[PDB]
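Take a look at the structure below.
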Amino acid sequence: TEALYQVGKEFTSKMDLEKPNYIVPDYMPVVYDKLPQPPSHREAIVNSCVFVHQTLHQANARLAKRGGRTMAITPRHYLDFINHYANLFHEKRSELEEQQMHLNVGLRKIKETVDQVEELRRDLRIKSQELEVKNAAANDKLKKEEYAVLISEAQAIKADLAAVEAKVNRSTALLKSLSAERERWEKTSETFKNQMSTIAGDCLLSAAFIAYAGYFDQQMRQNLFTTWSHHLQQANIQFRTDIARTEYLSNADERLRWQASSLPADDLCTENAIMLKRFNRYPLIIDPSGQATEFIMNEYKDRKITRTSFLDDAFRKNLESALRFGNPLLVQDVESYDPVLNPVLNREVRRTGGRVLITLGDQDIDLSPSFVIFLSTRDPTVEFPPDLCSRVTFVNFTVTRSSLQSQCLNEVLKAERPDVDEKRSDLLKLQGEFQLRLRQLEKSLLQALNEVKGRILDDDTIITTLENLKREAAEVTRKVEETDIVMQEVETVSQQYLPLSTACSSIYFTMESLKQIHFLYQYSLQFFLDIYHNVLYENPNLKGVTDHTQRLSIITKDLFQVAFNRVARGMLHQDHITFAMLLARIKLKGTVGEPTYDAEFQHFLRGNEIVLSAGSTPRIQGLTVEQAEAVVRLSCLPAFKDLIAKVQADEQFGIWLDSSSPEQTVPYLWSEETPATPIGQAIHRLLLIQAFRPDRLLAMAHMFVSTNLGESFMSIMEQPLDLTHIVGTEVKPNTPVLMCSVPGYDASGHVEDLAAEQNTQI
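Under the UniProt record's numbering, read the sequence shown as residues 3099 to 3242, 3449 to 4066, first letter to last.
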């Protein structure tokens, strides 16, 4: 902690970090034990910097306890954090000071113009008085050759006054048009002081996000940010909580170029794109889908980026050319990392005799300052040694629930309502162009006022430019309004398909977490997309159906069926029911008219952890000790509060207890104020079976699936596998077909028979 504090104190010395009005909180969160008791603003900032680094250690520890993959936290992470904190602080102060100077000049120019029109209106009155004097003098002289010249001079003044009064009206319109701009710029100038105070806190959070939260997923990224934010609140360090980190670390123009480079429209993807720009250590990209790899190539296409791999024999030649010529390089298969990159990643360069030399292998290469390298991998499950983790910054392109919901909502919209999807896609493009035009017009309006020397009214072209920029802004603003209302009608169409997208995200994340129960249950995002594509388009049920509501219900029903059929074909039969139960829960959460059943399912899964005393559990006649203990545990639920009385009062309970199939005739032993739904009855019977006859729990579980997903939901798994249909249609040539078999079974013999039937040489 002392080492971290000293490094932060030394590096942030050049930073301002000075706040004479800073108030020390009563409970100062102290991380450095030797921190002065009355700390200053700078010492509080460095203390927060040390705290941020340590929270990554506990975050890794928490992930380790949950069996989660972790990356080593090294002092190079701390160095990157303070490097980013210094760079962001200087950039934010420079931009906001420049913005304040621009606004003050623009406000000053308007105020001077307001003074100019006041005096120029006064000049108009004097000129009118001069015209009256000249006209009266000319009339008096005429009423008594030279008089023709006198009236000619008066006519010239009349034209000059006409130009002046035309300048009065035209300028007054310009000030009226610029009234809104003056009001907005004045408000921003008032908020300038507020923005100054929060630079230190905002930059600390932004720098920590780039340096640390790259590898973690969305939930952990939010957890780290909140923990950092709370510490700053307890330390009385000002920071803004209204702006998003994606908007604070990047501008709108850069974000538009990112989506043009095939970057997915997501907050996590935007954060990952920010890290790929402001990185200090060379990034290591983790994207199983490969979309980040395409985004990197598109972003650096103009700079002649090259794709290579560690396995390629030409990697050394490609790396040498990139270092020598300063070209961007993208290296894949980083799980086979070549230690030849160690000096390059560590930036160990020698500046001798005017040459920047990098020692690659046994050769010294002139390193160009424009060189940049990106490491990529398609395996999210890969381990990395601690030295590699210190040399690179991780940029994990995980899939979030919100991102998948948007993808599935767009996919069903394109399949079901192609006219709405193309109308929506065009509207997004139009709004993106309109907002870009507004920024250019606002920037041009501000830049034009600053560059004028003298006054606006002195030169006519400035008045023309200001009016043209304002009228174009109004036309674009009206276009923005009209696209929004057309956007609103598009949303109403997509609201109907919204529940389907939620089910798709829930289904896939169930598949993703299926790896916890068995190592073999590895499913990629593309596997789910093939299921979704097959349901949406290759749906026999949607053969001649024309109603949109009927087609949506068919798609929702077939989405669960096809997902089970494909996944369970590569699962052990003992795990088939487990996947079906969770699929039923997903359908239950999206069913209209069904209670949450959270309490019932809570006791179904963790009902055995209830603490029971020896004297608390009575001895009910006809029930075994473990059976009696289950009844007491089941008695905690309100619906089973009087379960013991009902069991004792039932003389036929002994017949049901030893019955061959008790799950089919479960007695009504629960009390409800209203008639429960058939699903609700199944859950209560499921709880009763678990308490009394645990051997029949699996049989009752299948009945529960039949209540939700239908009787024939799992019936397809009892038929022999149809390899002809799946291989011919549902299997792409690029996708290998895995014959996984339990010991004692060999699936190759099916393959020759399958090939023989199709007359395909193998």
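Don't be surprised by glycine CBs; every beta carbon is placed ideally from N, CA and C.
Close Cβ partners of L3731 (< 7 Å) along its chain, the five nearest in sequence each way excluded: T3787, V3790, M3791 and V3794
Residue range of the unbroken beta strand (DSSP E) whose run includes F3678: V3676 to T3681
Inter-residue spacing [alpha-carbon to alpha-carbon] between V3839 and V3866: 7 Å
Residue(s) in a DSSP beta bridge with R3611: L3634
Limits of the unbroken alpha helix (DSSP H) element including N4038: Where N4038 is concerned, there is no enclosing alpha helix (DSSP H), given that its DSSP letter is neither H nor E.
Beta carbon of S3593 nearer than 7 Å to that of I3578: no
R3659: first and last residue of the uninterrupted beta strand (DSSP E) it sits in: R3659 to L3664
Alpha-carbon spacing of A3807 relative to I3858, whole angstroms: 14 Å
Cβ contact (3+ pairs, closer than 8 Å) linking the region 3152-3161 and the region 3527-3546: yes
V3105 beta carbon less than 7 Å from that of residue 4074: Lying before the first or after the last residue shown, residue 4074 is absent from the chain, which here runs from 3099 to 4066.
Through-space distance from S3748 to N3237, alpha-carbon basis: 52 Å
8 Å Cβ shell around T3099 - same chain, five flanking residues per side excluded: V3129, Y3130, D3131, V3148 and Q3152
Start and end residues, beta strand (DSSP E) containing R3655: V3653 to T3656
CB contact below 7 Å: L3154 versus chain D: Chain labels in this structure do not include chain D; a single protein chain is all it has.
DSSP beta-bridge partners of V3699: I3589
Contact belief for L3664 with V3696 at Cβ below 8 Å, rounded distance in angstroms: With 8 Å as the limit, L3664 and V3696 do not qualify as a contact, their Cβ atoms being about 17 Å apart.
Outcome for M3199 when other beta-carbon atoms lying within 10 angstroms are tallied against a minimum of 16: exposed
Whole-angstrom C-beta distance between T3502 and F3543, which should lie under 8 Å: 5 Å
Residue 3445, DSSP secondary structure in three states: Coordinates for residue 3445 are absent, as the chain skips straight from 3242 to 3449.
Inter-stretch contact at 8 Å, needing at least 3 Cβ pairs: the region 3897-3905 / the region 3983-4001: yes
Segment contact flag, the region 3206-3217 with the region 3758-3775, C-beta cutoff 8 Å, min 3 pairs: yes
Validate contact between the region 3621-3641 and the region 3673-3687 using beta carbons, cut 8 Å, 3 pairs: yes
Touch test, the region 3450-3469 against the region 3167-3181, Cβ-Cβ under 8 Å, three pairs minimum: no
Alpha carbon of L3479 to alpha carbon of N3772, nearest angstrom: 13 Å
CA-to-CA distance, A4005 to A3888, given in whole angstroms: 10 Å
Beta-carbon proximity check, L3916 vs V3935, cutoff 7 Å: no
Where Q3667 sits in the DSSP three-state scheme: strand
Where the alpha helix (DSSP H) through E3726 begins and ends: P3722 to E3755
Helix, strand or coil at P3684 according to DSSP, with G and I counted as helix: coil
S3920 (DSSP reduced to helix, strand or coil): coil
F3583 in three-state terms, based on DSSP: coil
Cβ contact check for the region 3709-3725 and the region 3616-3625: 3 or more pairs under 8 Å: no
The region 3839-3856 / the region 3868-3877 touching (three or more Cβ pairs under 8 Å): no
Straight-line Cα distance separating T3928 from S3920: 16 Å
Between the CA atoms of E3785 and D3725 - distance to the nearest angstrom: 20 Å
Burial state of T4028 (16 or more Cβ within 10 Å): exposed
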